[PDB]
Every structure is written in structure tokens, then in C-alpha cells.
Undergrad: 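Next up is a structure, given as C-alpha cells.
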Amino acid sequence: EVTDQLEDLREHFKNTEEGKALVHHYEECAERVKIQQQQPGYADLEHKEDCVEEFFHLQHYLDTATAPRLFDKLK
Amino acid sequence: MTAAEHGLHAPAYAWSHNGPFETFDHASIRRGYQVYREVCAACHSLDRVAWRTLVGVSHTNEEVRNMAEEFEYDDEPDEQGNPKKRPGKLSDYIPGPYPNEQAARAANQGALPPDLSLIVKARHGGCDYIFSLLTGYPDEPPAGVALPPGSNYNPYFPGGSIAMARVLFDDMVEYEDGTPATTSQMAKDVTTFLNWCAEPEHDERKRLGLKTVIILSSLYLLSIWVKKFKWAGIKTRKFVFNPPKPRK
Amino acid sequence: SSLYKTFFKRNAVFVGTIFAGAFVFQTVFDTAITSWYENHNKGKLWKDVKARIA
Amino acid sequence: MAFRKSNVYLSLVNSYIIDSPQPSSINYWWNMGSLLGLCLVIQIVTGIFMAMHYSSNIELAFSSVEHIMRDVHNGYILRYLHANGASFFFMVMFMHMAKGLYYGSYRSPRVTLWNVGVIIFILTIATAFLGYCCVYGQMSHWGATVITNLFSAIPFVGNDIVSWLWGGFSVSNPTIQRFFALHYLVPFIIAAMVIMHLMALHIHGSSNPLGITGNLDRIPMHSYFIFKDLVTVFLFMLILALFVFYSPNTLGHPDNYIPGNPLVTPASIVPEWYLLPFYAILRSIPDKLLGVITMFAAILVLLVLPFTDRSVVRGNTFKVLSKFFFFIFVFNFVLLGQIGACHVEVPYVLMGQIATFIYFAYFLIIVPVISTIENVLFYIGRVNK
Amino acid sequence: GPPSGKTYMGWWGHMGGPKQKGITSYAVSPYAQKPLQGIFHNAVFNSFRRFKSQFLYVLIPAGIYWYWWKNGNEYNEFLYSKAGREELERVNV
Ligand SMILES: CCCCCCCCCCC(=O)OC[C@H](COP(=O)(O)OC[C@H](O)COP(=O)(O)OC[C@@H](COC(=O)CC)OC(=O)CCC)OC(=O)CCCCCCCC
Ligand SMILES: CCCCCCCCCCCCCCCCCC(=O)OC[C@H](COP(=O)(O)OCCN)OC(=O)CCCCCCCCCCCCC
Ligand code: HEM
Ligand code: HEM
Ligand code: HEM
Ligand SMILES: COc1c(O)c(C)c(C/C=C(\C)CC/C=C(\C)CC/C=C(/C)CC/C=C(/C)CC/C=C(\C)CCC=C(C)C)c(O)c1OC
Ligand SMILES: CCCCCCCCCCCCCCCCCC(=O)O[C@H](COC(=O)CCCCCC)COP(=O)(O)OCCN
Ligand SMILES: COC(=O)N(OC)c1ccccc1COc1ccn(-c2ccc(Cl)cc2)n1
């Protein structure tokens, strides 16, 4: 019946424009990679690029936008 | 350090016990102990909490006597020096799953799960970090991070990789009072129970501090009144000079 | 007025009245603060939860 | 005469508390010495009532302090008062010392009073360090390791001093049992130095904010300055109670609620807030022996000030240039604490080096040069030809 | 006991200052005046007057040291980002 309430608000704010200005930047990074460590000498790369920074940006905005509105609904 | 090696900042949730006049919600403590017994206690100990301290806080005396008797404790040896066992009593402490550190690491792929009696006070962030950890495991790790085999990603742990896997999921516990046992609901009640385990004087302390701050605040204002009265002669005293004759 | 030689003057019963009032003040001050605290947090306490789990 | 003047014991109370002549113009900054005396009584009394329940064995120590918190009646009041009472004791002392530096109280005829005070400060850092180690959490073990291993650099004699300090080959059980017995002792030595400190004040009495003589207008202590001191006693108790009962772990570190483990190092070993500026001075010196000398030299450069101030006026009240550089030195002392709580990384390495220089140049290069300039400006402004 | 080496302060009657002549002092009892009489005309007149004098000696130093902590903390966070990894390997060597 009731789903995880945090999962609902977490899912809602991913459909605002300071939500997708952070989703896309996180991804196209996730594209751009793929190739960026697929290729040759990868086990032999010196620095392989990742995406924790842009994930963190998305999950910082989303959390401190969802923090003051959750415990109103959790019993 | 980078932000990953530090960890993600925990947010500020609106806990019902935050405030100088607030108490713990004791129905959330009672529900929280049920989540501990049925989910956490398989691999975590609670060595610093005794059975008797639950009476009058989350459970009745008759309830706690029956929970303790379901465990066996070492008795003193018999008339011939052979060891005995006995059931639990109220003066006993809550037992843990493992007998030593080697058996704990063996059952968790080398890692050791910490005792939780003081985990709210022994971590930066407090209850906001414990809640955000349990509810923070993503679906996929972010593309690029290479986890070892046997580790799980969630960004609230420093480094990004933690030896614990997600253990909370919807409707695994059936609450006695009819609350929907969603993931967030159980996480909230767990953290509230654990904060009581660390600070069992929270409610008495906040009420004795109301008495002490009211008394000392009025003494401070009375002392300012009394001083300015006893100093009024010196503050308005006046001086006059008439140059004498330098005969002397 | 003549509060002086019953309230202010007689230091024998001043220090007496300081202490005699110190004991009475504590009893009523305690009861008043413990009633305000237990009422501000109504619905969280154990003695009320215990009644709801009947 | 009156009994309070004739009795052997009350005559000393009267001469120090009741009839003592005080300058009429002293302000509330002269009230800090009273508070430091109440602080020492708070710590000694709270500590003796906890020592009744404490065990110093390394296998029993952390759990004894948690036993004071849970099982002892009002034991959480004793510890939090005691732990936060040491943070307050150090804050009132820094303000007491900064006052004397501003109003010139170090100068003759009060050089002896300044020197007994520098001793009290050293013995007080030692006391607090020994007590934090007796908790035996994870900041307790690795803080004692870092400081005690510094003495292994003394030439030819160092590795004998560390093994005699430890009682073995590492921070272990003999180390924790000897640090508790010494930690009980040193407070009673501080009290004996506080009596010698007061004897040296009675000779010339106190100074005043104007820096001139106070023998032309004096007020007795009783019922002008006794009741002025109650004002600051109750403000001190109020703010302390607000930390003990409503925010009792904000002036600490969470790692010290983890029990001490030699096999797992913390990610950040950080002292309490009141030893951080001296911890940044140590880390700024690349060599180990020069670092431990420069850190202790930071406490004993205060003894050089009575000979480097070259002014004919006492105090800073009428001094424009010497006010600006007094407040440069204060905020440079706050940056050293911040840098002492950071990771060793660019640019916090060079910042702590330049700021360690400014700490030492104030006492040795700045004060002599501005004092001489100010003297000559007073002269040519009045005597002009 | 014997007398020790003397001071620059005495006691009541022989405090050790210069001889005074021609000064008169007047005073009134505190019981005959009203307390808490003007303490506005105090916090708004004198505190603001005392503040206005001694505030440029405290705030110009505070502004120099706080700016310094800023530009360092800003630069450090850049070094340990991914856009400042090339500079880190330059300055850390
Ligand atoms: C940790 C807790 C310890 C407890 C006590 C700490 C107190 C230390 C504060 C520093 C200090 O001692 O000097 C304060 C100084 C003013 O001293 P002054 O003699 O020149 O002015 C007498 C007044 O006009 C008459 O004050 P009056 O005697 O007429 O009324 C008393 C006053 C109470 O004020 C105090 O308690 C003083 C601490 O009543 C009120 O304020 C009514 C409002 C409820 O003010 C200044 O010059 C600048 C103050 C700002 C800088 C403070 C930063 C310190 C870190
Ligand atoms: C090893 C030992 C090293 C120790 C280093 C010491 C550093 C500890 C820091 C303690 C801070 C205390 C600073 C104030 C010093 C006390 C003396 C003083 O400042 O004099 C008060 C002065 C009075 O004003 P007047 O010049 O007019 O003289 C009186 C009138 N006849 O008026 C003033 O000067 C202004 C008073 C305002 C004080 C507040 C300014 C500082 C604010 C932030 C400080 C942060 C500290 C944590
Ligand atoms: C609701 C259930 C649980 C809660 C609230 C809980 C709580 C915690 C906490 C607070 C930590 C410490 C994280 C940190 O150090 O920052 C931890 C770590 C750990 N937990 Fe749990 N736990 C739960 C269930 C479990 C279960 C069921 C297991 C085993 C099957 C487990 C295994 C571990 C392990 C191995 C670690 C060590 C992490 C590491 O050091 O990398 N946990 N847990
Ligand atoms: C100048 C006086 C004193 C100072 C500045 C001082 C300082 C400290 C400090 C900083 C701690 C660690 C606080 C913490 O738990 O985080 C401590 C702990 C302790 N001190 Fe003291 N101390 C003083 C006097 C005494 C005396 C005289 C005794 C014994 C009679 C004592 C007994 C203890 C004990 C038993 C602990 C154990 C840990 C605790 O209970 O907090 N102290 N002290
Ligand atoms: C730690 C315990 C201490 C106690 C109980 C104490 C006590 C006192 C008292 C009651 C006074 C007279 C009132 C006053 O000027 O505020 C005083 C003055 C003084 N103290 Fe301390 N003090 C202590 C530490 C220190 C320290 C650490 C220093 C310097 C490093 C120091 C240096 C002075 C000086 C120079 C004066 C005279 C100030 C003047 O007359 O203008 N004292 N002390
Ligand atoms: C300028 O003029 C001043 C002045 O302004 C001030 C403020 C003072 C006031 C005082 C000081 C500045 C400091 C002096 C303080 C000391 C020497 C402190 C001694 C401290 C102690 C803590 C002694 C404690 C002894 C005990 C026996 C208590 C300990 C334990 C007990 C009672 C537990 C046992 C109980 C049972 C039931 C078994 C002056 O003396 C003074 O004159 C110069
Ligand atoms: C020891 C620390 C170093 C500093 C010196 C400490 C000084 C502070 C002492 C505090 C005051 C103590 C109050 C004393 C009360 C008056 C004493 C008295 O009446 O003297 C005696 C009687 O005293 C006694 O029998 C024993 C007193 C023991 C007190 C133990 C605390 C009265 O006799 P008399 O009238 O002749 O007065 C003495 C004249 N020199
Ligand atoms: C309150 O206790 C702590 O903060 N301790 O000590 C366990 C700690 C904890 C973590 C890291 C470092 C320290 C130590 O930091 C310092 C810096 C200087 N001293 C010192 C010590 C003795 C003497 Cl004589 C002179 C100077 N100690």
C-alpha cells in the first residue's frame, strides 16, 4: 500500500528544473565515460575519470530540499 | 581531501526530541527495539544496555522478564566444579551474537560490525547521519567507481565503500500497533531507540536545566539592581578646587 | 510604614525567614515546573503510551 | 581594636578581602582573577567525587567513565560540569592575560607577579593533558603517542626519556596508571602557586586603566567590589549551566567515545580547542628537535616583555599605534588555532609558518620599535622649536 | 618580625602619595536617591559613544585576517576538485 515516503519526494523533486540541471550534468558525464576508460591501456590508464562529484551535487540539493518535509508524514 | 574521501553531508531532519523543552517519543522507542531484535541483532551487539533500564521507558516489567528468559547465561559452577547455565534476569545485559572478534570477522568477510550502544554520540552528524546512511544506498553506484568484490556503495560513508549491504525493505516487520512499516518508518524508529541507548538521562536533564536556568537568571538581575544602589554615592560625588596660598 | 521592625529590622528572623522561605519555595517551585514540562510533552510520555497499548 | 584586625587568622582575611585599598577606577576586566579561583574549586570538588568511582587500569578505564554516566546518581552532572569547566577555566585565563598585556601590568614594580603567573599557565596545560588521557578513547591514545615521541629526538638521551615516561615500549597500562596519579597532584601545586601570586600583589596592590598612581583616591574592597564581583559570578554560572544541561558535547570530539585502539589510526588527530595554536607552531617546524623547542619557547617568550617595552608610559589607553598591533596579535592567535584543526595541505602549510613568525616578532621586534617611536612623537608635539 | 623592603603603596593614613591641600569633596546617601535612574541615556548615549571611538582599532585587523583565511580555504577546495588536479600535482611537488 504505502511506499517509502522518502522515495516519493526524492522522486518528485527530480522533475524540477534545478533537478534536471543536476541529473543531466551527472549523466553526460556517465556517457563521456564509457568510452573514457573502455578503449586500450585502461587497466593501464594513469587517471580514469569518474562521476562522484556530480552525483554529490544532485544528492545534496535533493536532500536539503527534502529534509524539512518528510517527518511530517512519517508516524 | 576530496568530498568523496570525506563523505556527503547529512541533512537536517526535524526530529521530535530536538528542542530545549522536548522529550523522547516513547512509542517510537518501543517500535525501534522491535526493528533491532528482528533485523540488527543478527550481527550487532548492545553490550552496555541492561534489561532493567527498559522498564518504564518502552516495555512493562512483565514484558521484560519474558524477553530476558529467552536467553541462557553462565551460572556459577556446581558442587563438583562443573559449569552450569541459567535463564536471564533483569540485572543481566543484552547478549550479542558472537563469542569473540575472530568469529565476527569470519561471518562478515573479515570486517567487524561495531557495538551500537554509543554510535549516535561517536559519529559526526548524530541521528541525521545514522538515518541518512540506512536510507542512502543507491540502485547503481555512479559510473566509474570500481568497488572491490564484497563491498557496497553509499555516499554518506567516508571513502564511498562500506562493508554493510542494504538491510531495510518495505513491510518486513509487522508492527503491533498497526503502523505501516515502510523503509523510512523503521529507520526513524531505529535511530530513536539508539539515541536513547546513548543518552538515557535526556528527559530528566532537560527538566533540571529549566529549574537551574530560571533561578540563576533572576539572581543575575537582582545582583545588577543591588550593585547600582550601593554605588550611587560614588557615581554622583563632586569635587571642587580652591588654590591655596603657597606660603607653606 | 512599620514593616521595618517586623520585616527588615529583626535580623534574627530575617535570616530565619530567608531559610524558612527557602524550603517552602523549593517544594512549590518543583511541583510547578514538573507540571508544565509533563503537559508540554503530552502524548510522548510512557505513562500515556502505556494506556494507549491497552 | 576590632577582632578582625587582632586575630592571627582573620587579620589576613581582613587585609585581603575586607579593608584592602583598591583604585576607584578599575573596571570589570579586573574581575577575572576572582573567577579563576572559583574555577579551581569547581574542578577539584567535582574531580574528587568522580575519583570514588574511577578505575585507572587500561582494560577498565573507558568503561568506568560510562559507568559514572549511567549508574552513578547525578554522575552525568559531575562529568559534563567537569569537562566543560576546563574549557571555561582556559577562556577566562586568556582574557586575564590579554588584559595585563594591554594595561602594562607586567612592568616594574610587578615583574615578580607576572613570572609566577607564567608558571601557573605551564602547570595548567600539563594538568589538562594528563586528564584527557585518562578517558582512554581514540583521541586519548594517539594524542599521548604524538607528544611523548617528541622527546626521542634529544641528543643521545632521548630514547631513555620516552621509555621512562611510558614505563615500557609504548603507551600502555603503566602509562595510564601513572598519568592519573600525577593528574590528581598538580592541582594542589597550582593552589600553592596561587598563594605566592597573591603575596606579590599585596606589596604594591593593583594597577588601574589610566596607568598612573592610585594612592590619591582609594575605596575599600567590602561592599563596593564584593558586590561588583557577584555580578560576574552569576553570569559565569548561567552560561556554564547552559552548556552542561543543553549542549554538553559541542566542545569535544566524537572519536573519544570510541575506545582506544593501538591498531587503528584515526583519520584526523586533533587536540582540544585550547591547545590548537601551540599545536600549529609545532607542526610548522620541519625538524623534530627544533619543533619541540619552538613550542615551549612560545610560552616562555612572555618573560621577555618587561625588558622590550621601551616606553615611559604604562599601558595602551593613550597609545594609537600600540593599540593596532595589540589586536593584530589577538586575531593572529585565533588563526593559529584554526590552522591547527586542518589537514596538512596547501596553503595551510605556509599560512602557519608566516603566522608563527608574527607570534614571535611581536614580543621581540614590534614592541621595541613602536614604543621608541611613540616616545619621540610625544616630545616633538609639545616641545617644538 | 622584622620589617622588609618597602613598597610604592602603604595603608590607610600613610598611603604614600603627595600632600593635598585645597580640595573639597561632597556626596549624598544612596538611600536618599533613586536607583535605576538613567540607564537609557546610558546604553544609547555612552555605549554608542564608547563603541564609535574604539572600533576601527579592532575591525581593520579582523578584516585582514578573515580575508586571508578565505582566499586559502577557497584555493584548497579548488586543488582537491577534479578541475584542479593538474595544479595539485604541480604545487605538492
Ligand atoms: C565566559 C563567561 C565568563 C563570565 C563573565 C565574562 C565577562 C567578560 C566581559 C569582558 C569584560 O569584563 O569587560 C566588559 C566591558 C565593559 O566593562 P566596563 O566596566 O568598561 O563597563 C561597565 C558598564 O558600562 C556599566 O555596567 P553596570 O555596572 O552599570 O551594570 C551591570 C551590567 C552587567 O554587565 C556585566 O555583567 C559586565 C560583564 O548590566 C547590564 O549590562 C544590563 C543588561 C542586562 O565591555 C567592553 O569593554 C567590550 C565588551 C565586548 C567584548 C567582549 C568580548 C570578550 C570575549
Ligand atoms: C600564551 C599566551 C598567549 C595569549 C594570547 C591572548 C589571546 C586571548 C584573546 C582574549 C580576548 C580579549 C581581548 C581584549 C583584551 C582585554 C583588555 C582590553 O581590551 O581592554 C579593554 C579596552 C578598554 O577601553 P579603553 O582603551 O578606553 O581603556 C579603559 C578606559 N580607561 O577596550 C578594548 O580594548 C576593546 C575591548 C573589546 C574586546 C573584544 C575584541 C576582541 C573580539 C573577538 C576576540 C575573539 C577571542 C576568542
Ligand atoms: C537496521 C539494521 C542495521 C543498522 C541500523 C546497522 C548499523 C550500522 C552502523 C551505524 C554501522 C557503522 C557505520 C559507520 O561506521 O559509519 C554499521 C556497520 C556495519 N554493519 Fe550494520 N547495521 C544494521 C544491520 C546490519 C546487518 C544485518 C549486518 C550483517 C549482515 C551488518 C553488518 C555491518 C558491517 C559488516 C559493518 C561494518 C562497515 C565497515 O566497517 O565497512 N549490519 N552498521
Ligand atoms: C585544575 C584542575 C583540573 C583540570 C583543569 C582537569 C582537567 C581534566 C580534563 C580536561 C579531563 C578530561 C575531560 C573529559 O572527560 O573529556 C579530566 C578528566 C578527569 N579528571 Fe580532572 N582536572 C582537574 C582536576 C582534577 C582533580 C583534582 C581530580 C581528582 C581528584 C580530577 C579527576 C579526573 C578524572 C577522574 C577524570 C576522568 C574522566 C572524566 O571523569 O571526565 N581532575 N580532567
Ligand atoms: C590561574 C589562576 C590565577 C589566579 C587565581 C589569579 C588571581 C589573580 C587575582 C585575584 C588578581 C587581582 C585581580 C585582577 O587583577 O584581576 C590577579 C592579578 C594579576 N594576575 Fe593573576 N591569577 C591567575 C593566573 C594568572 C596568570 C596566568 C597571569 C599571567 C601570565 C597572571 C598575572 C596577573 C597580573 C599581572 C595581575 C595584576 C594585574 C593588575 O594589577 O593590573 N595571573 N590575579
Ligand atoms: C584582589 O583581592 C582578592 C580577590 O579579588 C579575590 C577574588 C580573592 C579570592 C581567591 C582567589 C583569587 C584564589 C584562592 C583559591 C585557592 C587557594 C583554592 C583552594 C582550592 C580548593 C578546591 C580547596 C578544597 C579542599 C577540600 C577539602 C574540598 C575537597 C573535597 C571534599 C569536601 C569531598 C569530601 C567529602 C566528604 C563528605 C567525605 C582574593 O583572595 C583576593 O585577595 C588578594
Ligand atoms: C593555611 C593556608 C595558608 C594561608 C593562611 C590561611 C589563613 C585563612 C584562615 C581562615 C580564617 C579561619 C577563621 C579562624 C576563626 C578565629 C580563630 C580564633 O578564634 O582564634 C582563637 C581560638 O582559636 C582556636 O582555638 C582554634 C581555631 C582553629 C581554626 C581552624 C580553622 C581565639 O583566641 P584569641 O582571641 O586570642 O585570637 C587570637 C589572637 N592572635
Ligand atoms: C587536552 O588533551 C589533549 O588535547 N591531548 O592530549 C591527550 C591531545 C589530543 C590529540 C592530539 C594532541 C594532543 C596534545 O596536544 C598538545 C599540544 C601541546 N601539548 C602539550 C602538552 C604538555 C605540555 Cl607540558 C606542553 C604542551 N599537548
Side-chain angles (χ1 to χ4, degrees), chain B residues 227-248, chain D residues 18-31 102-105 107-110 201 203-228 311-320 322-323 374-375 377-384, chain E residues 6-39 41-43 45-54:
Chain B
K227 186 261 183 193
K228 292 180 157 288
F229 168 85
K230 285 190 185 338
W231 266 78
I234 305 295
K235 294 281 177 102
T236 58
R237 159 182 81 168
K238 285 177 192 310
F239 286 97
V240 170
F241 187 56
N242 304 109
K245 302 189 289 175
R247 174 134 343 259
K248 246 357 185 178
Chain D
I18 302 166
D19 289 339
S20 175
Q22 309 299 132
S24 62
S25 57
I26 58 174
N27 62 20
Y28 270 114
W29 287 110
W30 265 259
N31 296 30
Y102 185 92
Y103 291 125
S105 316
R107 296 170 47 117
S108 47
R110 295 174 193 93
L201 174 82
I203 300 159
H204 307 91
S206 287
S207 188
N208 66 75
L210 294 182
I212 59 170
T213 184
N215 282 333
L216 293 81
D217 201 358
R218 298 266 183 178
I219 297 297
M221 175 63 79
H222 171 227
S223 296
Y224 289 96
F225 286 112
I226 299 295
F227 278 84
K228 182 152 150 158
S311 186
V312 296
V313 185
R314 188 195 279 101
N316 279 344
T317 301
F318 309 112
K319 285 174 203 166
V320 174
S322 185
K323 271 171 176 177
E374 287 173 315
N375 279 346
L377 291 168
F378 276 129
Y379 181 89
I380 66 180
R382 288 148 57 232
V383 188
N384 190 2
Chain E
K6 197 254 166 190
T7 79
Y8 287 100
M9 194 206 58
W11 210 252
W12 301 107
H14 55 290
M15 202 63 70
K19 285 188 190 322
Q20 308 185 11
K21 194 183 167 69
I23 299 164
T24 314
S25 190
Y26 312 86
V28 176
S29 184
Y31 293 86
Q33 45 193 328
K34 62 184 183 291
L36 272 10
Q37 65 279 13
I39 304 301
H41 189 271
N42 190 328
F45 188 183
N46 282 117
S47 303
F48 183 78
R49 196 270 303 169
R50 287 153 80 194
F51 175 88
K52 181 197 289 161
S53 62
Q54 186 162 205

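Order of the sequence lines fixes the chain letters, A, B, ..., with proteins taken first and strands second; residue numbering starts at 1 for each chain. Heavy atoms only: backbone and side chains are in, while hydrogens, waters and symmetry mates are out.
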Undergrad: Answer yes or no: is there a donor N or O on one side and an acceptor on the other, between the side chain of D/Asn208 and the main chain of D/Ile212, under 3.5 Å?
TA: yes
Undergrad: Tell me, please, which residues at least two apart from B/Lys228 pass side-chain contact (heavy atoms from CB on, under 4.5 Å).
TA: B/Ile224, E/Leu36, E/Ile39
Undergrad: Hey, are the side chains of E/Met15 and E/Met9 touching, using non-hydrogen atoms and a 4.5 Å cut-off?
TA: yes
Undergrad: With D/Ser223, which residues qualify under side-chain contact (heavy atoms from CB on, under 4.5 Å), at least two apart?
TA: D/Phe227
Undergrad: Which pairs would a plain distance check flag for residues 234-248 of chain B, meaning a side-chain donor or acceptor within less than 3.5 Å of a matching protein atom at least two apart in sequence or in another chain?
TA:
unit_1   : atom_1 : unit_2   : atom_2 : d
B/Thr236 : OG1    : B/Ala232 : O      : 3.0
B/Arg237 : NH2    : D/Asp217 : OD2    : 3.4

Undergrad: Can you list everything that forms a ring pair (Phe, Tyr, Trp, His ring centres under 6.0 Å) with E/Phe51? Sequence neighbours excluded, please.
TA: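 E/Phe51: ring pair (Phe, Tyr, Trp, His ring centres under 6.0 Å) contacts with E/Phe55.
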Undergrad: Mind checking ring pair (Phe, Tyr, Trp, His ring centres under 6.0 Å) for D/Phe378 and listing every partner two or more places apart, or none if nothing turns up?
TA: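 Ring pair (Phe, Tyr, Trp, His ring centres under 6.0 Å) list for D/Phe378, sorted by chain: empty.
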Undergrad: Counting only N and O atoms by type, is there a donor-acceptor contact under 3.5 Å from the side chain of D/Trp30 to the main-chain atoms of D/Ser206?
TA: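 The answer is no, because no donor-acceptor pair under 3.5 Å joins these two groups.
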Undergrad: Over all heavy atoms of both residues, which pair between E/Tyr8 and D/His204 is shortest? Give the atoms and the distance, please.
TA: N-CD2, 3.7 Å
Undergrad: Grab the two heavy atoms, one from E/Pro35 and one from B/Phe229, that are nearest each other, plus how far apart they are.
TA: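 Scanning both residues completely, I find the closest heavy atoms to be CG-CD1, 4.0 Å.
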Undergrad: Is there a donor-acceptor pair under 3.5 Å between the side chain of B/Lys230 and the backbone N or O of D/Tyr224?
TA: no
Undergrad: Apply salt bridge (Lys or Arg N to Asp or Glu O under 4.0 Å) to D/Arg110 and list each qualifying residue two or more places apart in sequence or on a separate chain.
TA: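 For D/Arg110, no residue satisfies salt bridge (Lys or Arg N to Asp or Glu O under 4.0 Å) once neighbours in sequence are set aside.
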